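The file start-v3.pdb comes next; it holds PDB, C-alpha atoms and all ligand atoms.
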ATOM      1  CA  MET G   1     181.425 115.369  93.463  1.00  0.00           C
ATOM      2  CA  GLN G   2     178.933 114.022  96.004  1.00  0.00           C
ATOM      3  CA  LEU G   3     175.741 113.585  93.975  1.00  0.00           C
ATOM      4  CA  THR G   4     172.109 113.430  94.983  1.00  0.00           C
ATOM      5  CA  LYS G   5     169.861 110.469  94.012  1.00  0.00           C
ATOM      6  CA  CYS G   6     168.179 112.633  91.437  1.00  0.00           C
ATOM      7  CA  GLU G   7     171.455 113.742  89.858  1.00  0.00           C
ATOM      8  CA  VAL G   8     172.493 110.050  89.634  1.00  0.00           C
ATOM      9  CA  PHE G   9     169.138 109.136  88.044  1.00  0.00           C
ATOM     10  CA  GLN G  10     169.692 111.832  85.393  1.00  0.00           C
ATOM     11  CA  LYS G  11     173.356 111.162  84.829  1.00  0.00           C
ATOM     12  CA  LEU G  12     172.939 107.417  84.414  1.00  0.00           C
ATOM     13  CA  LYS G  13     170.250 107.722  81.733  1.00  0.00           C
ATOM     14  CA  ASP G  14     172.324 105.897  79.096  1.00  0.00           C
ATOM     15  CA  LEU G  15     172.431 102.761  81.287  1.00  0.00           C
ATOM     16  CA  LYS G  16     168.600 102.543  81.299  1.00  0.00           C
ATOM     17  CA  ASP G  17     167.608  98.931  80.490  1.00  0.00           C
ATOM     18  CA  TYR G  18     171.148  98.028  79.408  1.00  0.00           C
ATOM     19  CA  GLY G  19     171.470  94.271  79.656  1.00  0.00           C
ATOM     20  CA  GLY G  20     167.985  94.278  81.125  1.00  0.00           C
ATOM     21  CA  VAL G  21     168.922  96.339  84.163  1.00  0.00           C
ATOM     22  CA  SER G  22     166.465  99.153  84.831  1.00  0.00           C
ATOM     23  CA  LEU G  23     167.463 102.675  85.570  1.00  0.00           C
ATOM     24  CA  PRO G  24     166.205 102.403  89.188  1.00  0.00           C
ATOM     25  CA  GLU G  25     168.246  99.234  89.646  1.00  0.00           C
ATOM     26  CA  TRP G  26     171.341 101.138  88.452  1.00  0.00           C
ATOM     27  CA  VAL G  27     170.583 104.002  90.900  1.00  0.00           C
ATOM     28  CA  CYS G  28     170.203 101.441  93.710  1.00  0.00           C
ATOM     29  CA  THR G  29     173.516  99.866  92.584  1.00  0.00           C
ATOM     30  CA  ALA G  30     175.319 103.228  92.725  1.00  0.00           C
ATOM     31  CA  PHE G  31     173.862 103.968  96.192  1.00  0.00           C
ATOM     32  CA  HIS G  32     175.045 100.737  97.667  1.00  0.00           C
ATOM     33  CA  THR G  33     178.429 100.948  95.919  1.00  0.00           C
ATOM     34  CA  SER G  34     179.578 104.453  96.506  1.00  0.00           C
ATOM     35  CA  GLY G  35     176.837 106.510  98.141  1.00  0.00           C
ATOM     36  CA  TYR G  36     176.693 108.493  94.932  1.00  0.00           C
ATOM     37  CA  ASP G  37     180.232 109.798  95.493  1.00  0.00           C
ATOM     38  CA  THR G  38     182.048 110.140  92.109  1.00  0.00           C
ATOM     39  CA  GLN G  39     185.365 110.410  93.999  1.00  0.00           C
ATOM     40  CA  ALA G  40     184.898 107.311  96.089  1.00  0.00           C
ATOM     41  CA  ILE G  41     188.113 105.285  96.350  1.00  0.00           C
ATOM     42  CA  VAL G  42     188.396 102.126  98.443  1.00  0.00           C
ATOM     43  CA  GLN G  43     191.542 100.032  98.958  1.00  0.00           C
ATOM     44  CA  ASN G  44     191.798  96.366 100.158  1.00  0.00           C
ATOM     45  CA  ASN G  45     195.182  94.711 100.734  1.00  0.00           C
ATOM     46  CA  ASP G  46     196.226  94.453  97.097  1.00  0.00           C
ATOM     47  CA  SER G  47     193.757  96.417  94.961  1.00  0.00           C
ATOM     48  CA  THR G  48     191.799  99.645  94.673  1.00  0.00           C
ATOM     49  CA  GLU G  49     188.222 100.413  93.472  1.00  0.00           C
ATOM     50  CA  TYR G  50     187.267 103.729  91.892  1.00  0.00           C
ATOM     51  CA  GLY G  51     184.384 106.058  91.478  1.00  0.00           C
ATOM     52  CA  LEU G  52     180.622 105.804  91.515  1.00  0.00           C
ATOM     53  CA  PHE G  53     180.831 102.200  90.318  1.00  0.00           C
ATOM     54  CA  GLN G  54     183.895 101.159  92.308  1.00  0.00           C
ATOM     55  CA  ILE G  55     185.691  99.844  89.290  1.00  0.00           C
ATOM     56  CA  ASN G  56     188.741  97.771  90.177  1.00  0.00           C
ATOM     57  CA  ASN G  57     192.377  97.928  89.171  1.00  0.00           C
ATOM     58  CA  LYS G  58     192.821  94.122  89.031  1.00  0.00           C
ATOM     59  CA  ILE G  59     191.100  93.637  85.718  1.00  0.00           C
ATOM     60  CA  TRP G  60     189.059  96.713  84.727  1.00  0.00           C
ATOM     61  CA  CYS G  61     191.311  99.802  84.679  1.00  0.00           C
ATOM     62  CA  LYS G  62     195.079 100.585  84.952  1.00  0.00           C
ATOM     63  CA  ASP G  63     196.607 102.659  87.685  1.00  0.00           C
ATOM     64  CA  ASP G  64     199.980 103.164  89.470  1.00  0.00           C
ATOM     65  CA  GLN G  65     199.367 100.345  91.953  1.00  0.00           C
ATOM     66  CA  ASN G  66     198.698  97.823  89.098  1.00  0.00           C
ATOM     67  CA  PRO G  67     200.263  98.973  85.810  1.00  0.00           C
ATOM     68  CA  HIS G  68     199.774  95.473  84.376  1.00  0.00           C
ATOM     69  CA  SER G  69     196.065  95.278  85.116  1.00  0.00           C
ATOM     70  CA  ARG G  70     194.158  93.369  82.488  1.00  0.00           C
ATOM     71  CA  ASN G  71     192.608  96.831  81.874  1.00  0.00           C
ATOM     72  CA  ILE G  72     189.506  95.489  80.108  1.00  0.00           C
ATOM     73  CA  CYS G  73     188.124  99.000  79.980  1.00  0.00           C
ATOM     74  CA  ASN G  74     191.406 100.396  78.449  1.00  0.00           C
ATOM     75  CA  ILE G  75     191.541 103.375  80.708  1.00  0.00           C
ATOM     76  CA  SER G  76     193.408 104.885  83.663  1.00  0.00           C
ATOM     77  CA  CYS G  77     191.376 104.385  86.816  1.00  0.00           C
ATOM     78  CA  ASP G  78     191.620 108.020  87.782  1.00  0.00           C
ATOM     79  CA  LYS G  79     189.255 108.860  84.902  1.00  0.00           C
ATOM     80  CA  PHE G  80     186.594 107.359  87.212  1.00  0.00           C
ATOM     81  CA  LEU G  81     187.263 110.039  89.886  1.00  0.00           C
ATOM     82  CA  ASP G  82     186.130 113.032  87.894  1.00  0.00           C
ATOM     83  CA  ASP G  83     182.634 114.493  87.477  1.00  0.00           C
ATOM     84  CA  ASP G  84     181.942 113.113  83.965  1.00  0.00           C
ATOM     85  CA  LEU G  85     180.353 109.723  84.159  1.00  0.00           C
ATOM     86  CA  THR G  86     180.439 109.032  80.353  1.00  0.00           C
ATOM     87  CA  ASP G  87     183.551 106.800  80.671  1.00  0.00           C
ATOM     88  CA  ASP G  88     182.386 105.251  83.969  1.00  0.00           C
ATOM     89  CA  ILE G  89     179.174 104.209  82.146  1.00  0.00           C
ATOM     90  CA  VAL G  90     181.088 102.778  79.191  1.00  0.00           C
ATOM     91  CA  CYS G  91     183.046 100.582  81.559  1.00  0.00           C
ATOM     92  CA  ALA G  92     180.027  99.708  83.780  1.00  0.00           C
ATOM     93  CA  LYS G  93     178.380  98.247  80.597  1.00  0.00           C
ATOM     94  CA  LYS G  94     181.463  96.118  80.000  1.00  0.00           C
ATOM     95  CA  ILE G  95     181.417  94.890  83.577  1.00  0.00           C
ATOM     96  CA  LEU G  96     177.738  93.980  83.328  1.00  0.00           C
ATOM     97  CA  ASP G  97     178.302  92.117  80.029  1.00  0.00           C
ATOM     98  CA  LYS G  98     181.109  90.065  81.593  1.00  0.00           C
ATOM     99  CA  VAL G  99     180.311  89.463  85.302  1.00  0.00           C
ATOM    100  CA  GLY G 100     176.796  90.719  85.629  1.00  0.00           C
ATOM    101  CA  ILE G 101     175.246  92.743  88.440  1.00  0.00           C
ATOM    102  CA  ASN G 102     176.948  90.525  91.051  1.00  0.00           C
ATOM    103  CA  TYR G 103     180.104  92.637  90.360  1.00  0.00           C
ATOM    104  CA  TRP G 104     178.351  95.080  92.661  1.00  0.00           C
ATOM    105  CA  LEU G 105     175.645  93.231  94.533  1.00  0.00           C
ATOM    106  CA  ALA G 106     176.393  90.202  96.750  1.00  0.00           C
ATOM    107  CA  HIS G 107     172.719  89.328  96.149  1.00  0.00           C
ATOM    108  CA  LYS G 108     170.471  90.612  93.371  1.00  0.00           C
ATOM    109  CA  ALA G 109     167.630  91.068  95.840  1.00  0.00           C
ATOM    110  CA  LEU G 110     169.353  94.181  97.243  1.00  0.00           C
ATOM    111  CA  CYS G 111     168.319  96.016  94.112  1.00  0.00           C
ATOM    112  CA  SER G 112     165.169  94.120  92.923  1.00  0.00           C
ATOM    113  CA  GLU G 113     162.608  94.987  95.598  1.00  0.00           C
ATOM    114  CA  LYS G 114     160.446  98.104  95.690  1.00  0.00           C
ATOM    115  CA  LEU G 115     162.468  99.557  92.832  1.00  0.00           C
ATOM    116  CA  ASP G 116     160.283 102.603  92.458  1.00  0.00           C
ATOM    117  CA  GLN G 117     161.988 103.992  95.568  1.00  0.00           C
ATOM    118  CA  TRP G 118     165.056 104.824  93.411  1.00  0.00           C
ATOM    119  CA  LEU G 119     163.180 107.177  91.055  1.00  0.00           C
ATOM    120  CA  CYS G 120     163.452 110.938  91.152  1.00  0.00           C
TER     121      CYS G 120
HETATM  122 CA    CA M 201     184.678 109.794  84.629  1.00  0.00          CA
END

Let me see the structure of the file written as structure tokens.
Amino acid sequence: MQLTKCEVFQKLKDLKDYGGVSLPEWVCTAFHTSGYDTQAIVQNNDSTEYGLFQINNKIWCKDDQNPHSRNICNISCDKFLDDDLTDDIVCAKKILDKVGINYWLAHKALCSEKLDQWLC
């Protein structure tokens, strides 16, 4: 589903302040990662990223391309292509705990300035 900013702000409520990352920061992160598209899928030469949070099949989730993924999130990647972000959020928390926000953002600044712009 292609979501609006406001739908993302609502749907991501359970990430609010997780690991110190504010809800606006998470909305900014989703914008820059997928454009709020829950079906986003992006391939590079050897791996694929899925969903709103572009979760990868190298270490985070298992899929056909990489059946021996480390699968830290213990889930099939295609569960990140549906319209229920409950599991996406569970795994995004695990990603934050392990790699931090730089999983998504080349530089933290991208989502630390004028954060009130990401509110509904
Ligand atoms: Ca999902």

Might you spell out which residues the PyMOL selection byres (((not hetatm)) within 10 of (chain M and resi 201)) would select in the displayed file, as a PyMOL selection string? chain G and resi 38-39+50-52+77-91

Distance criterion (all atoms listed in the file): nearest to residue G:98 out of G:59, G:23, G:28, G:41: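 Smallest separation from residue G:98 among the options: G:59.
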
Select all residues near (172.1, 90.9, 90.4) (cut-off 12 Å, inclusive, file coordinates), counting only C-alpha atoms, and output them as a ChimeraX atom specification. /G:19-22,25-26,28-29,96,99-113

Please produce, as JSON lines, a per-residue contact table for stretch 3-29 of chain G versus stretch 116-120 of chain G (criterion: any atom at most 8 Å away, all atoms listed in the file considered), showing the nearest atom pair and its distance in Å to one decimal, sorted by chain then residue number.
{"residue": "G:5", "atom": "CA", "partner": "G:120", "partner_atom": "CA", "distance": 7.0}
{"residue": "G:6", "atom": "CA", "partner": "G:120", "partner_atom": "CA", "distance": 5.0}
{"residue": "G:9", "atom": "CA", "partner": "G:120", "partner_atom": "CA", "distance": 6.7}
{"residue": "G:24", "atom": "CA", "partner": "G:118", "partner_atom": "CA", "distance": 5.0}
{"residue": "G:25", "atom": "CA", "partner": "G:118", "partner_atom": "CA", "distance": 7.5}
{"residue": "G:27", "atom": "CA", "partner": "G:118", "partner_atom": "CA", "distance": 6.1}
{"residue": "G:28", "atom": "CA", "partner": "G:118", "partner_atom": "CA", "distance": 6.2}

Could you tell me how far atom CA of residue G:53 sits from atom CA of residue G:34, in Å to one decimal place? 6.7 Å

How many Å separate atom CA of residue G:11 from atom CA of residue G:60?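 Distance reported for this atom pair: 21.3 Å.
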
At a cut-off of 7 Å from (191.3, 93.9, 87.0) in the coordinates of the file, what residues are picked up using all atoms listed in the file, written as a PyMOL selection string? chain G and resi 56-61+69-71

Completed stretch 31-46 of chain G (N, CA, C and O atoms) as a compact mmCIF listing (two decimals), keeping the file's coordinate frame:
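Result file is part17.txt:
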# COMPACT_ATOMS: atom_id res chain seq x y z
N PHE G 31 174.02 103.65 94.75
CA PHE G 31 173.86 103.97 96.19
C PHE G 31 174.65 103.03 97.07
O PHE G 31 175.43 103.39 97.96
N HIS G 32 174.45 101.75 96.80
CA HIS G 32 175.04 100.74 97.67
C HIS G 32 176.54 100.58 97.42
O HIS G 32 177.27 100.07 98.28
N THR G 33 177.01 101.07 96.28
CA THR G 33 178.43 100.95 95.92
C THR G 33 179.30 102.05 96.37
O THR G 33 180.40 101.83 96.87
N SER G 34 178.82 103.28 96.20
CA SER G 34 179.58 104.45 96.51
C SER G 34 178.83 105.53 97.25
O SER G 34 179.37 106.64 97.46
N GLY G 35 177.55 105.36 97.58
CA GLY G 35 176.84 106.51 98.14
C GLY G 35 176.68 107.69 97.29
O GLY G 35 176.41 108.78 97.75
N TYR G 36 176.82 107.49 95.96
CA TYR G 36 176.69 108.49 94.93
C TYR G 36 177.89 109.40 94.87
O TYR G 36 177.75 110.52 94.35
N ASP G 37 179.01 108.98 95.46
CA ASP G 37 180.23 109.80 95.49
C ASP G 37 181.13 109.42 94.31
O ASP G 37 181.76 108.33 94.30
N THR G 38 181.20 110.35 93.33
CA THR G 38 182.05 110.14 92.11
C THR G 38 183.58 110.03 92.36
O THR G 38 184.33 109.51 91.55
N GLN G 39 183.97 110.45 93.54
CA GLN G 39 185.36 110.41 94.00
C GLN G 39 185.64 109.27 94.94
O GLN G 39 186.76 109.17 95.45
N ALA G 40 184.65 108.39 95.19
CA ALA G 40 184.90 107.31 96.09
C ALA G 40 186.11 106.47 95.64
O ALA G 40 186.24 106.12 94.50
N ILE G 41 186.99 106.18 96.58
CA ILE G 41 188.11 105.28 96.35
C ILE G 41 188.26 104.40 97.60
O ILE G 41 188.40 104.91 98.69
N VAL G 42 188.28 103.09 97.39
CA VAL G 42 188.40 102.13 98.44
C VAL G 42 189.49 101.11 98.15
O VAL G 42 189.50 100.45 97.09
N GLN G 43 190.43 100.96 99.07
CA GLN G 43 191.54 100.03 98.96
C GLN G 43 191.24 98.76 99.75
O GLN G 43 190.60 98.83 100.86
N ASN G 44 191.72 97.60 99.28
CA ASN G 44 191.80 96.37 100.16
C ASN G 44 193.32 96.05 100.14
O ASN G 44 194.16 96.91 99.79
N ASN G 45 193.73 94.88 100.56
CA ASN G 45 195.18 94.71 100.73
C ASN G 45 196.02 94.75 99.48
O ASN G 45 197.21 95.03 99.57
N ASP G 46 195.41 94.56 98.32
CA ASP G 46 196.23 94.45 97.10
C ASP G 46 195.62 95.15 95.87
O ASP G 46 196.13 95.01 94.76
